[PDB]
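Enquirer: My questions all concern the structure below.
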Amino acid sequence: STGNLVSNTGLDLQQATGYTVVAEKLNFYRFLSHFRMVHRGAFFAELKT
Amino acid sequence: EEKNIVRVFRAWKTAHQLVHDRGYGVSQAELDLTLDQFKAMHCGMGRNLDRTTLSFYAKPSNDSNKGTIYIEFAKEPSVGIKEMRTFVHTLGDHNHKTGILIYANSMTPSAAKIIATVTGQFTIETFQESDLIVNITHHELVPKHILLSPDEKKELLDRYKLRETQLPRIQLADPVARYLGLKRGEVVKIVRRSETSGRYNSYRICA
Amino acid sequence: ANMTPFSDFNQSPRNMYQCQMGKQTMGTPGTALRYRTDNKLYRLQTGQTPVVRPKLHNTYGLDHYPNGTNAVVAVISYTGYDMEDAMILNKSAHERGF
Amino acid sequence: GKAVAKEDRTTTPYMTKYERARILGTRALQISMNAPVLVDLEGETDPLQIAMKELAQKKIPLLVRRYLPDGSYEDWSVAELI
Amino acid sequence: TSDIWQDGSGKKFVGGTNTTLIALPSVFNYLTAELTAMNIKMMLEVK
Amino acid sequence: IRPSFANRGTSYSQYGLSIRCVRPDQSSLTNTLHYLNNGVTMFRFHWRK
Amino acid sequence: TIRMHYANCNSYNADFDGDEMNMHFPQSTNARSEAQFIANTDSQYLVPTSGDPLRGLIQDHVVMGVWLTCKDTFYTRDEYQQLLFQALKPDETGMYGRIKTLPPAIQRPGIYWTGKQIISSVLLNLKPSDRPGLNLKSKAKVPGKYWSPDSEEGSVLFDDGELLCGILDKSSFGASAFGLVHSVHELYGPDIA
Amino acid sequence: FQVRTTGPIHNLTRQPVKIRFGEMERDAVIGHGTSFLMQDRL
Amino acid sequence: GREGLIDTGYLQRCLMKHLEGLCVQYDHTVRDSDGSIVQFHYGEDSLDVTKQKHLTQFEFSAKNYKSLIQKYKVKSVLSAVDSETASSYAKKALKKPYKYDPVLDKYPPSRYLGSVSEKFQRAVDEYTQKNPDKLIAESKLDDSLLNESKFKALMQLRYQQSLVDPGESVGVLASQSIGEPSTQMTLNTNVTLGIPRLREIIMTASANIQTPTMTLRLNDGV
Amino acid sequence: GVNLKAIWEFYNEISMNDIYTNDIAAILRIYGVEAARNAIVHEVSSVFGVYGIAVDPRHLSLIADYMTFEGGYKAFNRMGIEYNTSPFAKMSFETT
Amino acid sequence: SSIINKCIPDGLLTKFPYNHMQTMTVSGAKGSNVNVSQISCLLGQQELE
Amino acid sequence: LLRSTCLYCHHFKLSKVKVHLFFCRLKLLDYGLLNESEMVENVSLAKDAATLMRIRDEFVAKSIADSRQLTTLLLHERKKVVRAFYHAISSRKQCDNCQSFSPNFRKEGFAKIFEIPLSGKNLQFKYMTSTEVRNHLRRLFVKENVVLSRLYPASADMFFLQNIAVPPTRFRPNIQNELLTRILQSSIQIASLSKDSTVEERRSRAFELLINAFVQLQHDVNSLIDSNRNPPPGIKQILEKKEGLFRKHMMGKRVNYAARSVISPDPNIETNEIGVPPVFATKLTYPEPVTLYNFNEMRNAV
Ligand SMILES: [Zn+2]
């Protein structure tokens, strides 16, 4: 429901929040694209380079 | 190697130049001193043979302002008090109201305050070589600076209903301020050549 | 991005806006709507497949989620209201169930 | 303070771009609040444009004060401005 | 007697006559309120 | 090779080597090799965050 | 939905995709007079950064202006009258009684007006009661070599408020200096511009 | 699309409760040099 | 394309902060509202770009000049304004020797209809002599409809008639005229360029800049 | 890099016309105030000169003739913020 | 620059006045010559940063 | 300002001649004299120090007499001057008029202040209640009058608060009210504990509980005004919130009579006029006085 990975150890993962998306079915392409997308993490988004 | 000679020579076409740019008067020969002209004037066995004779003066072309000025070149680095207080009574006996000193390098601060008091009606002023060697007035980015009489200053403050603190200021440590020899409060009329619409005359003061 | 007519023609930023916006289209989000407990869904009533298509639009079974229709487009500076990217809609074709 | 004498007035004799604006503003205000009009109407209804017809002939009261930043001020009749 | 007056609690008083009416945005009034809440207050005069 | 190393382990350097080693149940943890300026290598790792 | 003209797009720089706006109305009379005279849209023609005007016509207007202005054009009496009125529509503006035209450039074997005569005509229709007609020569945007080697159009030239030669374009009218409309702004007051 | 001729005022500061005008717009009106308009609108 | 994508305002409360007042007082001595001057005859007084676009357009002014002479309404202007004092002193100041200050400093250009810019006089007279192909003159043939003095008066007229509105709050005009074109564009195609540069030079006005370069032209004997 | 003391020495190049990437500290400190004025004028005019935008030099005139008012040149931040006479704008802009 | 100088002023089908895109380009309305060059000749080198 | 004090000298730590110098400087700067207020330093030289102070004082008197017959520069000068003055007053440790060493004081961010007694060698030549230091500063203020007057005549309470004001319910429809209730509970506990103390290691436990409640009160205030302490917005936290006053409410504020809509262009209407739907023409209305001639229009509209 939340995505926040509350663990005594980060499980060797940089970021610890926003791990889940909601399968927004507004449109079928939005659906599939939600499934197949990947992301690198806002730890680099905070970094404009 | 011996580039010191060209240095101290060039220091004059900034010193003898600093006679008018002040209002005093000097032979057009002291402004047209060639490189070898200086050597011929101040020479000797050396090839160093310049010192102990680099000292001149000038009197006003306005015939007033009480009195005249005298320039001098103290070759000894960091002249200190044992050379500074000494070269004041020369100005006094010669009735030289204002004197000009040049030192290289690092004039000691301890031997600056105690002379700054005995200035009084006189003004030791102030420069030192290696920093003022060519005429900064000879430049593209510096407009024409002209002093003003309290007559003209009164006229300016009358035309604009001002108080003498409502105008733009110039700090005293400005190179052009000391160059012009400014007292704290006198109004400079500068001539901006800002080439967007003609050249005009702005006004500044010193506090 | 593959489901794009002649996608190898337009300057790439256009294709990029194409993906990002086509993911935000008012088409059918599915078929079994009667039992959808969602917040906000969107469905368009009169749908048809394109005339121009890449084959994989038929292969991937996209026949079961049309997202637009096929319009009679005429590029012309006629009206004077369609500049700054603007566009006009035939009244008749609109009331006719566009 | 002081009022500048009429004889010596250094302010621009021109109706400034701002002065016309404020002047017409208040003249519309007066006229709209049942003030006497010093120009014949031509069937005109907007109380404001009427002041335009008034200014166009410069037949208008309500001199203006120009304040010098020092503390002085000029008093220019609208008929006297350009 | 005419000059003097009373309080909502009944405290008699007198004076404080020189009073005028001024237009100002009420948000400034709120600022004065919360600034009085700091014991810091401005003394704005009028003509 | 990343500068962020040297500013933390000052005897270290940006030169380094890592591996994100993983158990058979897919439970990866990392451990970085820090080549320090003196010459030794420090065996960094993470536990209890 | 609130409607305005294109020529304001540029100044507001809005892309006309949906970007909404705030719409204000002054209460008193002085404020509305002030907005009416100082900051009326017609008094905002030269941006403050440099003198370059930014309000003006856009893609479609410059395009068909180029097409029509080209000397190859011709108009019977019907077209000329319909077009002149279509542009004028004085009633929606007022202040004007009756429409005046010019004679046709050619008469035989048939009367025909050119678009350049048309621009001259409209320019005449707005000529202030007593303000001498406009005389001017300024380069066009389209280089002359496009029309022909040693093409004569090249640069718009026209005296006393009558279009003589050259074709109008973005440089003539629009966000451009020393075209036609900019001289209009200077001469016949802004409101006529 | 939200019109507001008038409505509720704030609890504390009597402001129309939550259209925005100011803090960049102020620069605009004072750029035109249109004081009465500014004091009017704000 | 996508690179062009990832490549794609705090100044406007900086350059607007100290530039609130900056208003054009009536004496034509532009100050902040506190009382102290910043300039005389703002930025070469004539005016901000609006009514100074055609000052350079000598030809188009001289072309018709008859719509313009009535637009300026000479018969009213010449009534209450002075013209010959500053027009006379302008010649004497145009004598290159100093002790003849610019008339704008001596005579306010709001009423004395001879007081204009210096470079303005240089340009207008230079144009008068170089290609006067439309201004006739010899002078015996001028007295039909033109005059050397006529167009000269027209130009002195346009300048005086195109002064700044005394009372323009200009500091924010410039604040806009920098802020808008600033964030207008920020992308590049070594010296630090763009808004970082303008930031260091204006916003922090700092010693120790990042790409400090000097440039000196050489002489003949090298 | 900038060392004016140094360029004083050589006479191969004319010691009058010398463009500068600003470092307006140095140019102001040892050329006078007006030098700094014209310098930042031409400087920012170039800063926009690299772009296809033209900014009439009058606004540049004003920015310049103000930034250098005191006799030095003041940055449009806490320092220049801290000297205005109106206790309201100062209350309004950065920190109440 | 060579092949562009050769093709676009004359290589294409219909000449300046009747060509509606030549118009929208050269009249300053919308586009530029670099646009007709890309669409009609070539794309050139892809300068990325 | 306390740190710069001298309890035994009853003065500041500084020399009275430097204090007098800065006094002359500020007085002559007051009337708009800057280079003259800087010329007060061209005087070179307790009795002799008093004579120099006479020299400087009389020079200010004269220069004022000449000047008699505000701007950014002046305040920019006064501010720098007082900065240097304070940097100087904060440095001296030993008295010059008292020649003694006042017992220094150590502060705390948690609103706690005091320090240890004097040193033995210094005799040769913590946290407690606020009333003592309050009277300390009151004594300094009444004693050092002229300079302080130039600085800010009455200066006693400017740093402390005997009774704070409460706003009407009109501004408090909450959190602020609760914080006031808390500080009142604090003040009633203080009054009670003080009465317990005056009516009475008894002093140990009594002073312990007393200073505990004193600090709880002072921390209650510190929390009420500022929220950064006592880990609940404080007043300063709602002003400098950057989300409240002076920008969301003073320069930019919502208004009446202003619509907000999406735009579409139109070529028919005008470059000047804007075409508006009738909805807004209804929902946007403005006042109008009625004269005799515009009467028919207004009547028709009604
Ligand atoms: Zn003591």
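How things are named: the first chain in the structure tokens is A, the next is B, and so on; residues count from 1 in each chain; ligands count from 1 in the order shown.
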Which residues are near ligand 1 - at most 9 Å, using only C-alpha atoms and all ligand atoms? Format: as a PyMOL selection string.
Expert: chain L and resi 5-13+94-102
Enquirer: Write a file of the selected residues as a PDB file, in the first residue's frame, keeping N, CA, C and O atoms.
Expert:
```pdb
ATOM      1  N   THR L   5      29.168  44.072  29.892  1.00  0.00           N
ATOM      2  CA  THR L   5      28.995  44.852  31.109  1.00  0.00           C
ATOM      3  C   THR L   5      30.154  44.648  32.079  1.00  0.00           C
ATOM      4  O   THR L   5      30.904  43.675  31.995  1.00  0.00           O
ATOM      5  N   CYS L   6      30.289  45.589  33.010  1.00  0.00           N
ATOM      6  CA  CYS L   6      31.161  45.452  34.173  1.00  0.00           C
ATOM      7  C   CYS L   6      30.314  45.643  35.424  1.00  0.00           C
ATOM      8  O   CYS L   6      29.837  46.751  35.690  1.00  0.00           O
ATOM      9  N   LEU L   7      30.125  44.570  36.191  1.00  0.00           N
ATOM     10  CA  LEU L   7      29.357  44.693  37.424  1.00  0.00           C
ATOM     11  C   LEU L   7      30.054  45.590  38.432  1.00  0.00           C
ATOM     12  O   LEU L   7      29.408  46.427  39.072  1.00  0.00           O
ATOM     13  N   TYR L   8      31.367  45.434  38.586  1.00  0.00           N
ATOM     14  CA  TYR L   8      32.066  46.180  39.625  1.00  0.00           C
ATOM     15  C   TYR L   8      32.373  47.597  39.169  1.00  0.00           C
ATOM     16  O   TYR L   8      32.227  48.548  39.943  1.00  0.00           O
ATOM     17  N   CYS L   9      32.792  47.759  37.917  1.00  0.00           N
ATOM     18  CA  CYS L   9      32.969  49.100  37.380  1.00  0.00           C
ATOM     19  C   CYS L   9      31.632  49.789  37.150  1.00  0.00           C
ATOM     20  O   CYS L   9      31.599  51.000  36.903  1.00  0.00           O
ATOM     21  N   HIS L  10      30.532  49.041  37.222  1.00  0.00           N
ATOM     22  CA  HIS L  10      29.190  49.534  36.936  1.00  0.00           C
ATOM     23  C   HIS L  10      29.081  50.133  35.547  1.00  0.00           C
ATOM     24  O   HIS L  10      28.110  50.830  35.246  1.00  0.00           O
ATOM     25  N   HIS L  11      30.047  49.860  34.693  1.00  0.00           N
ATOM     26  CA  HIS L  11      30.128  50.394  33.351  1.00  0.00           C
ATOM     27  C   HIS L  11      30.262  49.232  32.384  1.00  0.00           C
ATOM     28  O   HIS L  11      30.051  48.071  32.736  1.00  0.00           O
ATOM     29  N   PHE L  12      30.595  49.558  31.148  1.00  0.00           N
ATOM     30  CA  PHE L  12      31.090  48.550  30.237  1.00  0.00           C
ATOM     31  C   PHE L  12      32.554  48.274  30.531  1.00  0.00           C
ATOM     32  O   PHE L  12      33.198  48.971  31.319  1.00  0.00           O
ATOM     33  N   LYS L  13      33.079  47.239  29.884  1.00  0.00           N
ATOM     34  CA  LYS L  13      34.499  46.953  30.000  1.00  0.00           C
ATOM     35  C   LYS L  13      35.356  47.995  29.285  1.00  0.00           C
ATOM     36  O   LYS L  13      36.531  48.155  29.633  1.00  0.00           O
ATOM     37  N   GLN L  94      38.667  43.261  31.172  1.00  0.00           N
ATOM     38  CA  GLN L  94      38.919  43.991  32.403  1.00  0.00           C
ATOM     39  C   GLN L  94      38.369  45.404  32.299  1.00  0.00           C
ATOM     40  O   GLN L  94      38.428  46.029  31.237  1.00  0.00           O
ATOM     41  N   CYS L  95      37.830  45.900  33.406  1.00  0.00           N
ATOM     42  CA  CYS L  95      37.366  47.277  33.440  1.00  0.00           C
ATOM     43  C   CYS L  95      38.533  48.228  33.211  1.00  0.00           C
ATOM     44  O   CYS L  95      39.696  47.893  33.448  1.00  0.00           O
ATOM     45  N   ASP L  96      38.214  49.419  32.711  1.00  0.00           N
ATOM     46  CA  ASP L  96      39.194  50.490  32.607  1.00  0.00           C
ATOM     47  C   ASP L  96      38.916  51.634  33.564  1.00  0.00           C
ATOM     48  O   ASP L  96      39.864  52.261  34.049  1.00  0.00           O
ATOM     49  N   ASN L  97      37.648  51.916  33.844  1.00  0.00           N
ATOM     50  CA  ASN L  97      37.287  52.869  34.883  1.00  0.00           C
ATOM     51  C   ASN L  97      37.244  52.192  36.245  1.00  0.00           C
ATOM     52  O   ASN L  97      37.517  52.829  37.266  1.00  0.00           O
ATOM     53  N   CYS L  98      36.904  50.906  36.274  1.00  0.00           N
ATOM     54  CA  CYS L  98      36.965  50.118  37.492  1.00  0.00           C
ATOM     55  C   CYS L  98      38.249  49.310  37.609  1.00  0.00           C
ATOM     56  O   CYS L  98      38.601  48.897  38.720  1.00  0.00           O
ATOM     57  N   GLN L  99      38.937  49.059  36.493  1.00  0.00           N
ATOM     58  CA  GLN L  99      40.176  48.287  36.458  1.00  0.00           C
ATOM     59  C   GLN L  99      40.000  46.880  37.010  1.00  0.00           C
ATOM     60  O   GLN L  99      40.986  46.175  37.243  1.00  0.00           O
ATOM     61  N   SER L 100      38.759  46.458  37.224  1.00  0.00           N
ATOM     62  CA  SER L 100      38.496  45.151  37.799  1.00  0.00           C
ATOM     63  C   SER L 100      38.081  44.174  36.704  1.00  0.00           C
ATOM     64  O   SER L 100      38.067  44.499  35.513  1.00  0.00           O
ATOM     65  N   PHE L 101      37.731  42.959  37.111  1.00  0.00           N
ATOM     66  CA  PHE L 101      37.259  41.914  36.209  1.00  0.00           C
ATOM     67  C   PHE L 101      35.852  41.545  36.664  1.00  0.00           C
ATOM     68  O   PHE L 101      35.677  40.980  37.747  1.00  0.00           O
ATOM     69  N   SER L 102      34.852  41.888  35.858  1.00  0.00           N
ATOM     70  CA  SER L 102      33.490  41.497  36.176  1.00  0.00           C
ATOM     71  C   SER L 102      33.334  39.987  36.004  1.00  0.00           C
ATOM     72  O   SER L 102      33.938  39.389  35.107  1.00  0.00           O
TER      73      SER L 102
END
```
Enquirer: What residues in chain I lie within 8 Å of chain D, counting only C-alpha atoms, written as a ChimeraX atom specification?
Expert: /I:25-27,35,76-77,80-81,110-111,165-167
Enquirer: Can I get the selection written as a short mmCIF file (atom, residue, chain, number, x, y, z; two decimals), in the first residue's frame, with N, CA, C and O atoms?
Expert:
```
data_model
loop_
_atom_site.label_atom_id
_atom_site.label_comp_id
_atom_site.auth_asym_id
_atom_site.auth_seq_id
_atom_site.Cartn_x
_atom_site.Cartn_y
_atom_site.Cartn_z
N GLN I 25 12.12 61.97 -11.11
CA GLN I 25 11.59 63.15 -10.47
C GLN I 25 11.47 64.28 -11.49
O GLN I 25 12.03 64.23 -12.58
N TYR I 26 10.71 65.31 -11.11
CA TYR I 26 10.32 66.33 -12.08
C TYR I 26 11.49 67.16 -12.57
O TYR I 26 11.51 67.57 -13.73
N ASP I 27 12.48 67.41 -11.71
CA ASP I 27 13.65 68.18 -12.10
C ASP I 27 14.50 67.47 -13.13
O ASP I 27 15.53 68.01 -13.55
N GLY I 35 15.85 60.40 -1.75
CA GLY I 35 16.40 61.74 -1.91
C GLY I 35 17.74 61.80 -2.63
O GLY I 35 18.10 62.87 -3.14
N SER I 76 1.78 75.50 -30.62
CA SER I 76 1.63 75.54 -29.18
C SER I 76 2.96 75.39 -28.46
O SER I 76 3.19 76.10 -27.47
N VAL I 77 3.83 74.52 -28.94
CA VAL I 77 5.08 74.27 -28.23
C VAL I 77 5.93 75.53 -28.21
O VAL I 77 6.39 75.96 -27.15
N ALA I 80 5.46 78.67 -25.21
CA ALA I 80 5.87 78.80 -23.82
C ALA I 80 7.28 78.30 -23.54
O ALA I 80 7.71 78.35 -22.39
N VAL I 81 8.00 77.82 -24.54
CA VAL I 81 9.30 77.20 -24.30
C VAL I 81 10.39 78.11 -24.84
O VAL I 81 10.18 78.91 -25.75
N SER I 110 13.91 69.98 -20.91
CA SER I 110 12.46 69.88 -20.85
C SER I 110 11.78 71.12 -21.42
O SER I 110 10.70 71.02 -22.00
N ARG I 111 12.38 72.29 -21.25
CA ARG I 111 11.81 73.52 -21.74
C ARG I 111 12.69 74.24 -22.75
O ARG I 111 12.18 74.75 -23.75
N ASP I 165 8.91 60.56 -19.39
CA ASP I 165 7.84 61.04 -18.54
C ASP I 165 8.40 61.27 -17.14
O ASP I 165 8.82 60.31 -16.48
N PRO I 166 8.42 62.50 -16.66
CA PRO I 166 8.90 62.73 -15.30
C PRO I 166 7.97 62.04 -14.32
O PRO I 166 6.82 62.43 -14.16
N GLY I 167 8.48 60.99 -13.68
CA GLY I 167 7.70 60.17 -12.79
C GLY I 167 7.72 58.69 -13.14
O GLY I 167 7.06 57.90 -12.44
#
```
Enquirer: Can you list, as a compact mmCIF listing (two decimals) with N, CA and C atoms, in the first residue's frame, all residues belonging to chain K that DSSP tags as alpha helix (DSSP H)?
Expert:
```txt
# COMPACT_ATOMS: atom_id res chain seq x y z
N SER K 2 27.72 22.17 -48.71
CA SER K 2 27.83 22.01 -50.15
C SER K 2 26.52 21.53 -50.76
N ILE K 3 26.07 20.34 -50.37
CA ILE K 3 24.92 19.76 -51.06
C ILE K 3 23.68 20.58 -50.78
N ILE K 4 23.63 21.26 -49.63
CA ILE K 4 22.48 22.11 -49.34
C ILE K 4 22.48 23.32 -50.25
N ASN K 5 23.64 23.96 -50.42
CA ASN K 5 23.74 25.05 -51.38
C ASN K 5 23.30 24.61 -52.77
N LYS K 6 23.54 23.36 -53.12
CA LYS K 6 23.19 22.92 -54.46
C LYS K 6 21.71 22.60 -54.63
N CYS K 7 21.09 21.92 -53.66
CA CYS K 7 19.77 21.33 -53.87
C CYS K 7 18.62 22.31 -53.59
N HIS K 20 4.48 26.34 -51.33
CA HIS K 20 3.86 26.85 -50.12
C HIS K 20 4.75 26.70 -48.90
N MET K 21 5.66 25.75 -48.89
CA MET K 21 6.58 25.62 -47.78
C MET K 21 7.79 26.53 -47.92
N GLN K 22 8.30 26.69 -49.14
CA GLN K 22 9.26 27.76 -49.36
C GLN K 22 8.72 29.08 -48.85
N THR K 23 7.43 29.33 -49.05
CA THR K 23 6.84 30.55 -48.54
C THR K 23 6.88 30.60 -47.02
N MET K 24 6.24 29.63 -46.36
CA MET K 24 6.18 29.63 -44.91
C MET K 24 7.55 29.68 -44.27
N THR K 25 8.59 29.27 -45.00
CA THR K 25 9.95 29.31 -44.49
C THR K 25 10.61 30.66 -44.72
N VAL K 26 10.67 31.11 -45.97
CA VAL K 26 11.43 32.32 -46.25
C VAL K 26 10.69 33.57 -45.83
N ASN K 33 15.23 27.67 -43.29
CA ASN K 33 15.88 26.92 -44.35
C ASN K 33 16.51 25.64 -43.83
N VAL K 34 16.95 25.63 -42.57
CA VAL K 34 17.54 24.40 -42.05
C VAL K 34 16.47 23.32 -41.96
N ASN K 35 15.22 23.72 -41.80
CA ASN K 35 14.14 22.75 -41.73
C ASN K 35 13.89 22.10 -43.08
N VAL K 36 13.79 22.91 -44.14
CA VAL K 36 13.62 22.31 -45.46
C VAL K 36 14.84 21.50 -45.85
N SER K 37 16.02 21.91 -45.39
CA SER K 37 17.23 21.14 -45.66
C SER K 37 17.13 19.75 -45.05
N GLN K 38 16.81 19.68 -43.76
CA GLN K 38 16.70 18.38 -43.12
C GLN K 38 15.63 17.53 -43.77
N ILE K 39 14.45 18.11 -43.99
CA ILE K 39 13.35 17.33 -44.51
C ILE K 39 13.62 16.86 -45.92
N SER K 40 14.37 17.64 -46.69
CA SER K 40 14.46 17.43 -48.12
C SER K 40 15.82 16.95 -48.59
```
Enquirer: Determine, counting only C-alpha atoms, which protein, DNA and RNA residues have an atom within 10 Å of an atom of segment 152-157 of chain B; residues of the same chain fewer than 3 positions away are not included. Present the result as a PDB file with C-alpha atoms, in the first residue's frame.
Expert:
```pdb
ATOM      1  CA  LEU B 147      37.873  69.300  -9.645  1.00  0.00           C
ATOM      2  CA  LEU B 148      35.560  72.120  -8.606  1.00  0.00           C
ATOM      3  CA  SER B 149      35.792  75.357  -6.675  1.00  0.00           C
ATOM      4  CA  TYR B 160      19.507  71.065  -7.467  1.00  0.00           C
ATOM      5  CA  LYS B 161      18.371  72.073  -3.946  1.00  0.00           C
ATOM      6  CA  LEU B 162      20.478  69.263  -2.538  1.00  0.00           C
ATOM      7  CA  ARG B 163      22.347  68.781   0.691  1.00  0.00           C
ATOM      8  CA  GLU B 164      25.983  67.937   0.447  1.00  0.00           C
ATOM      9  CA  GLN B 166      22.653  63.502  -1.315  1.00  0.00           C
ATOM     10  CA  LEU B 167      25.190  63.139  -4.138  1.00  0.00           C
ATOM     11  CA  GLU B 186      35.129  68.330  -2.539  1.00  0.00           C
ATOM     12  CA  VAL B 187      32.971  67.674  -5.581  1.00  0.00           C
ATOM     13  CA  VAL B 188      34.445  66.024  -8.656  1.00  0.00           C
ATOM     14  CA  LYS B 189      32.796  66.677 -12.004  1.00  0.00           C
ATOM     15  CA  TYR B 203      29.109  64.525 -10.214  1.00  0.00           C
TER      16      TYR B 203
END
```
Enquirer: Near chain G, which residues of chain J fall within 12 Å when you count only C-alpha atoms, and what do they look like as number ranges by chain?
Expert: J: 48, 53-60
Enquirer: With C-alpha atoms retained, export the selected residues as a tab-separated table (two decimals), in the first residue's frame.
Expert:
```
chain	number	residue	atom	x	y	z
J	48	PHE	CA	23.49	39.16	-23.67
J	53	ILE	CA	18.89	39.41	-27.60
J	54	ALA	CA	19.59	43.14	-27.54
J	55	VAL	CA	19.10	45.06	-24.31
J	56	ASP	CA	19.10	48.82	-24.78
J	57	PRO	CA	22.15	50.16	-22.96
J	58	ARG	CA	19.97	52.54	-20.96
J	59	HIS	CA	18.81	49.84	-18.55
J	60	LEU	CA	22.45	48.81	-18.43
```
Enquirer: Compute the set of chain E residues within 9 Å of chain H, using only C-alpha atoms, and express it as a ChimeraX atom specification.
Expert: /E:26-30
Enquirer: What's the 12 Å shell around segment 43-46 of chain J, counting only C-alpha atoms, without same-chain residues fewer than 6 positions away, as a PyMOL selection string?
Expert: (chain I and resi 178+182+193-195+197-202) or (chain J and resi 19-24+35-37+52-61+63-64)
Enquirer: Rank C:13, C:66, C:5, C:97 by their smallest atom-to-atom distance to chain A, using only C-alpha atoms, and report the top residue only.
Expert: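 Using only C-alpha atoms, chain A sits closest to C:66.
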Enquirer: With a distance cut-off of 6 Å and only C-alpha atoms, select the neighbouring residues of segment 1-16 of chain A, excluding the residue or stretch itself and same-chain residues fewer than 2 positions from it, and output the selection as a count of residues only.
Expert: 6
Enquirer: Would you pick out the contacts of residue 35 of chain H at 12 Å or less, using only C-alpha atoms, so that residues sharing its chain but fewer than 6 positions from it are not included, and give the list as a list in words?
Expert: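 In the requested format, the answer is residues 18, 21 and 22 of chain D; 30, 31, 32, 34, 35, 38 and 39 of chain G; 26, 27, 28, 29, 41 and 42 of chain H; 167, 168 and 169 of chain I.
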Enquirer: Keeping N, CA and C atoms for every residue in the selection just given, could you write it to a file as a short mmCIF file (atom, residue, chain, number, x, y, z; two decimals), in the first residue's frame?
Expert:
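Written out: result_14.cif:
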```cif
data_model
loop_
_atom_site.label_atom_id
_atom_site.label_comp_id
_atom_site.auth_asym_id
_atom_site.auth_seq_id
_atom_site.Cartn_x
_atom_site.Cartn_y
_atom_site.Cartn_z
N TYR D 18 1.64 60.70 -17.52
CA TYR D 18 0.85 60.34 -16.35
C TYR D 18 -0.14 61.42 -15.97
N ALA D 21 -3.53 61.25 -17.58
CA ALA D 21 -4.29 60.11 -17.09
C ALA D 21 -5.03 60.45 -15.80
N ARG D 22 -4.30 60.91 -14.79
CA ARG D 22 -4.93 61.23 -13.52
C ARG D 22 -5.93 62.37 -13.67
N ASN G 30 -11.13 56.48 -11.91
CA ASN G 30 -9.77 56.92 -12.20
C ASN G 30 -8.91 55.74 -12.62
N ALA G 31 -9.03 54.62 -11.92
CA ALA G 31 -8.27 53.44 -12.30
C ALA G 31 -8.63 52.96 -13.70
N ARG G 32 -9.92 52.95 -14.04
CA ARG G 32 -10.28 52.48 -15.37
C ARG G 32 -9.83 53.46 -16.44
N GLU G 34 -7.16 55.20 -16.17
CA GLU G 34 -5.72 55.02 -16.25
C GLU G 34 -5.37 53.78 -17.06
N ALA G 35 -6.06 52.68 -16.81
CA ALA G 35 -5.85 51.51 -17.65
C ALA G 35 -6.23 51.81 -19.09
N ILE G 38 -3.01 54.83 -20.24
CA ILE G 38 -1.59 54.53 -20.15
C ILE G 38 -1.30 53.11 -20.60
N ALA G 39 -1.93 52.14 -19.95
CA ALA G 39 -1.61 50.73 -20.16
C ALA G 39 -2.64 50.03 -21.04
N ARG H 26 2.82 43.02 -9.00
CA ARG H 26 3.12 44.34 -8.46
C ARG H 26 4.20 45.02 -9.27
N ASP H 27 5.24 44.26 -9.63
CA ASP H 27 6.27 44.80 -10.49
C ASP H 27 5.67 45.30 -11.79
N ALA H 28 4.70 44.56 -12.33
CA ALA H 28 4.11 44.95 -13.60
C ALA H 28 3.39 46.29 -13.50
N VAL H 29 2.45 46.40 -12.56
CA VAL H 29 1.66 47.62 -12.48
C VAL H 29 2.55 48.81 -12.16
N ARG H 41 -6.45 47.65 -7.24
CA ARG H 41 -6.56 46.20 -7.31
C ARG H 41 -6.15 45.51 -6.02
N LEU H 42 -5.11 46.00 -5.33
CA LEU H 42 -4.58 45.24 -4.20
C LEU H 42 -5.06 45.73 -2.84
N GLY I 167 8.48 60.99 -13.68
CA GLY I 167 7.70 60.17 -12.79
C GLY I 167 7.72 58.69 -13.14
N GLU I 168 8.42 58.29 -14.19
CA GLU I 168 8.50 56.87 -14.47
C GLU I 168 9.35 56.15 -13.45
N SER I 169 8.77 55.13 -12.85
CA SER I 169 9.48 54.22 -11.97
C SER I 169 10.26 53.23 -12.83
#
```
